[PDB]
Amino acid sequence: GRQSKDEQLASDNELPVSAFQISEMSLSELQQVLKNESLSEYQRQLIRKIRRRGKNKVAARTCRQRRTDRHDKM
DNA sequence: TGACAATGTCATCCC
DNA sequence: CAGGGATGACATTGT
Ligand SMILES: CCCCCCCCCCCC[N+](C)(C)[O-]
């Protein structure tokens, strides 16, 4: 199969959570993660970029569906 | 491997 | 605040 780059990222950077986790975990969850873990700044930054992408791709989705839904047919 | 579809990324605006 | 939803353009990936 295959992995996301963000998964590779998280992995390369030894993040205590997964890309998937990162992006889907709830905010309060994430916050625990962040108050409890030793995370360089780079790792912190990373986690934020990952979540961004992570939420945006989902978002990209819909859009398109709506895009594609709304015109293509209806 | 090359076409064509599909997904992801990023910049921006928004709330 | 901040985080995060929309969407348009461009990029990478999948089949
Ligand atoms: C959707 C659920 C995602 C939230 C998962 C949180 C689990 C992270 C725990 C990592 C543990 C690492 N450590 C430092 C405690 O050993």
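Side chains are part of it too, since the values below use all heavy atoms of this structure and drop only hydrogens, waters and symmetry mates. Throughout, protein chains are lettered first and strands after them, A, B, ... in sequence-line order, and every chain is numbered starting at 1.
Distance CD (A/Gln65) to P (C/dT7): 13 Å, rounded to an integer number of Å. Per the geometry, CG belonging to A/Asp72 stands 14 Å off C1' belonging to B/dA5, to the nearest Å. Going from atom CG of A/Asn56 over to atom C1' of C/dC10 covers 14 Å, rounded to whole Å. What separates NZ of A/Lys49 from P of B/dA11 is a distance of 9 Å, to the nearest Å. A/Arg61 places its CZ atom 12 Å from the P atom of C/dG5, with the value rounded to the nearest Å. The distance between atom NZ of A/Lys57 and atom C1' of C/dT12, rounded to the nearest whole Å, is 13 Å. Distance CZ (A/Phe20) to P (B/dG8): 12 Å, rounded to an integer number of Å. Going from atom CD of A/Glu24 over to atom P of C/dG5 covers 9 Å, rounded to whole Å.
Not a single donor-acceptor pair, N or O on each side, falls under 3.5 Å between the base of C/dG8 and the side chain of A/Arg67.
Counting heavy atoms from C-beta on, the side chains of A/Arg51 and A/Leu27 come closer than 4.5 Å. In this structure, A/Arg61 and A/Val58 have side chains that are in contact, with non-hydrogen atoms separated by less than 4.5 Å. Side-chain contact between A/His71 and A/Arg67: absent, with no pair of heavy atoms (C-beta onward) separated by less than 4.5 Å.
Residue A/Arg48 is the one, among A/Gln3 and A/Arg48, whose nearest nucleotide of DNA chain C lies closer to the 5' end (criterion: closest heavy atom). Annotation: of the two residues near DNA chain C, A/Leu30 and A/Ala59, the 5′-most nearest-nucleotide partner is A/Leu30.
Contact between the side-chain N/O atoms of A/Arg52 and the OP1/OP2 oxygens of B/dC10 is found at a separation under 4.0 Å. For C/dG3, the OP1/OP2 oxygens have no side-chain nitrogen or oxygen of A/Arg51 closer than 4.0 Å.
Among the heavy atoms of the strands lying under 4.0 Å from A/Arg66 are primed sugar atoms or P, OP1, OP2 only; no base atom is included. In this structure, A/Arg64 reaches the bases: a heavy-atom distance under 4.0 Å links it to at least one base atom across the strands shown.
In summary, the side chains of A/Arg66 and A/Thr62 do present a donor paired with an acceptor at a separation below 3.5 Å, with no hydrogens or angles considered. No hydrogens or angles considered: nothing links the side chains of A/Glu7 and A/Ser4 as a donor-acceptor pair under 3.5 Å.
Pairing for B/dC14 is with C/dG4, a Watson-Crick or G-U wobble pair whose two hydrogen-bonding atom distances lie under 3.5 Å.
With distances taken from any side-chain atom of A/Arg2 to the nucleotides B/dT9, C/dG14, C/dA6, the minimum falls on C/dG14.
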